[PDB]
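Q: Below you will find the structure I want to go over with you.
Residue numbers (the authors' numbering): 264 to 303.
Take a look at the structure:
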């Protein structure tokens with residue numbers, strides 16, 4: 264079943280944000296948050 268549904272998407276983003284946040288890539292972190300807070 265190619266094309267992971269929100270189930271995987273959301274989850275992935277969540278973790279990514281945490282890491283990308285306190286990992287040095289804070290730039291993407293900020294934007295990332297906005298994204299998750301605007302899926303539709």
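C-beta: ideal position from N, C-alpha, C; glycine also.
Here's the rule I'm using: 16 or more other beta-carbon atoms within 10 Å means buried, otherwise exposed. How should residue 295 be labelled?
A: buried
Q: Any heavy atom of the ligand FAD closer than 6 Å to the beta-carbon of residue 269?
A: Among the ligands in the structure shown, none appear at all, so the ligand FAD cannot be discussed.
Q: In three-state terms, what does DSSP make of residue 298?
A: Residue 298 falls in the helix class under three-state DSSP.
Q: Mind checking which residues open and close the alpha helix (DSSP H) that includes residue 269?
A: 269-284
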